[PDB]
């Protein structure tokens, strides 16, 4: 099974990682040193990948380093395995423009499946990848045609297991019985500040068992043979996901091994030498020994090529027997969308009154028949958010084809799962909760943005118009929270047509997440054509009603406040004041337009402006100008009837009119 060359492999990982860190004079040597043994066994015997085709083989096993600080080990693996990470790349760890950055960045480095610096999120994404494999397998697989059949692995440490979000992900994964998911827990009794037993002395195996996982202990984590065995039993147990606790010694080889001092700093030239002693390692820095290159070739590369070719062959047969199906399987992965979205989506007449959450629910159902790769759910708020895909089944172990995911009351875990689902490929995902609770998943939105994933977030109950549930349930600052996240687009639709148009844009946008911000209360339909609303929303902002002749002023608004501005336009047309009304459903989309376009919507030279949005005024001075007035809410709300809360916080016609006139 395992012989002496293999140990020289383990130690090649150790040394590369440590040399990389030492040359950068920056990085985290402890995990590489304690976890090379486990990573070696996995990558050489148990990872079904083919580096020769980079990350394009859709049925490769997926590996995630959730303990993202172990990056130097991941790169050393990617290099040994044959990905486009060269020795020179390892020598540029943490250097400007390198493909070997401080924490792993998906899209930056060949072989890196996920961006994982932030703790907890790596494993919770892996859970999403595993849900996707299960979903797709059940939808597409057939007698003799295992088209979506693979494992999901996550390497995790104590930090991951302390984070709430990894609890939410593990509970959800246990309930969904994701038997193809396996976690390798590098259990070394050390976190950054010191002994883990200063804060974390819980029984991890038992918790995991309480979730419906399988727990396996490997007491000797430098025993390659035992790790292999544990992974084999993890695989045989396909009714349950499995966590393998692997007892290791952090910083193995340093005088400081087993202490916090090896967690987050280079060893220094002395400590690198001392570890090389203990390893009986005599090679110069940044050398791979020949027998190690050859063992990886043997174990990993050649096996990978043959499994991909046997999958390509099996696949060509699939596509001939089950033609229409395999075409959908391909369209899933390539994100094909129909040209008729504009016709498929619901349209609203000038008399319609509908809440944007309900108009979103109607888009979802109209879309589900035509975009067959679309699935999603709510964080135990499908009935409140309105995010049931009617008659399309529930995603459960006995029905992995069901398209309605029941995330439970797990906002952050939901978001991270959606990231994994999208890293996996093959579907379009959406997830809903209340906008005020976007604070709970904000760090995952951040990761959607970094990783450029077109996750769709459906955030309902968007303002103090929520009413009786009171301040904790009434958003104020959450638009500012999400608009500021780079590489996102936030749409706050003003009626049902804007809401349909926002969903179309969300389907057509493939390199950033789209966030839809939706009302609880009914809103009137804007008095202009479908054609113009769709154009305007595709552009992020547009004129809803111009001035007959020369404009006295301009009202710029979003969401539910656009109807308010339309009313204030009427009241003001009396008093002798003819104002423009602009809807600005997305700041980000609006600013990506030409200066020419933007000038047509907000006249650079017109200076009597009012901005109106039920949320903080922070940021609005940009459109309001030195001379403008900002109507907004910069205080917590209250528990009262909707109309009273709005009136009292100044989201009224009378207030907008008075403020424009004073």
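Positions refer to the first chain, counted from 1.
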What stretch has the higher average Cα B-factor here, 247 to 255 or 482 to 490?
247 to 255
Looking only at CA atoms, which has the higher mean B factor in the entry: 87 to 95 or 121 to 129?
87 to 95
Between 439, 298, 168, 561, which one tops the list for Cα B-factor in this entry?
298
By the entry's C-alpha temperature factors, tell me which of 525, 396, 360, 191 sits highest.
191
Could you place residue 615 in the lowest, middle or highest third of its chain by Cα temperature factor, using the values in the record?
lowest
Residue 435 - which third its CA temperature factor falls in, relative to the rest of the chain
lowest
Name the third of the chain's ranked CA B-factors that contains residue 135, choosing lowest, middle or highest.
middle
Which third, lowest, middle or highest, does the CA B-factor of residue 635 fall in along this chain?
lowest
Would you check the entry's CA temperature factor for residue 530 and let me know if it's in the chain's lowest, middle or highest third?
highest
